[PDB]
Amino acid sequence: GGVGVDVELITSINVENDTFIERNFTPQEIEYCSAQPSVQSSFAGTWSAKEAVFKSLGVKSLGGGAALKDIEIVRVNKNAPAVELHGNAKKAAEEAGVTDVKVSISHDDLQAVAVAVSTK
């Protein structure tokens, strides 16, 4: 097993910063977040989900500045978040015996938060 939690300030996401966004979010994630009622809040929630998922893997960090594009949040019933690992995240997870990851997201004025649980 494994568990992850992450909390983010809504203002931590600068929607105007295309470089930051493009480096850390897949085109699909960007399309989803850009279409929500509160775009900044949606990106913040997705960012929290990426971090929560990473923490649940039980692996080593590549460094404070490594992009999280490899951890992709996809949707199920249109809006519910599912996890898809790619690249290094996929390798590291498989190397750790992780067979599945579930995630949930929520936000309010204070911050966005996400919780992930992984199965081995």
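Each residue number is its position in the shown sequence, starting from 1.
As the entry records it, the average C-alpha temperature factor is higher for 64 to 72, out of 36 to 44 and 64 to 72. Across the two stretches, 5 to 13 and 95 to 103, the PDB entry reports the greater mean Cα temperature factor for 95 to 103. For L110, the recorded CA B-factor ranks within the highest third of the chain. Only modelled residues enter the ranking.
When all modelled residues of the chain are sorted by CA temperature factor, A89 is found within the highest third. Among the modelled residues of its chain, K78 has a C-alpha B-factor that falls in the highest third according to the deposited record.
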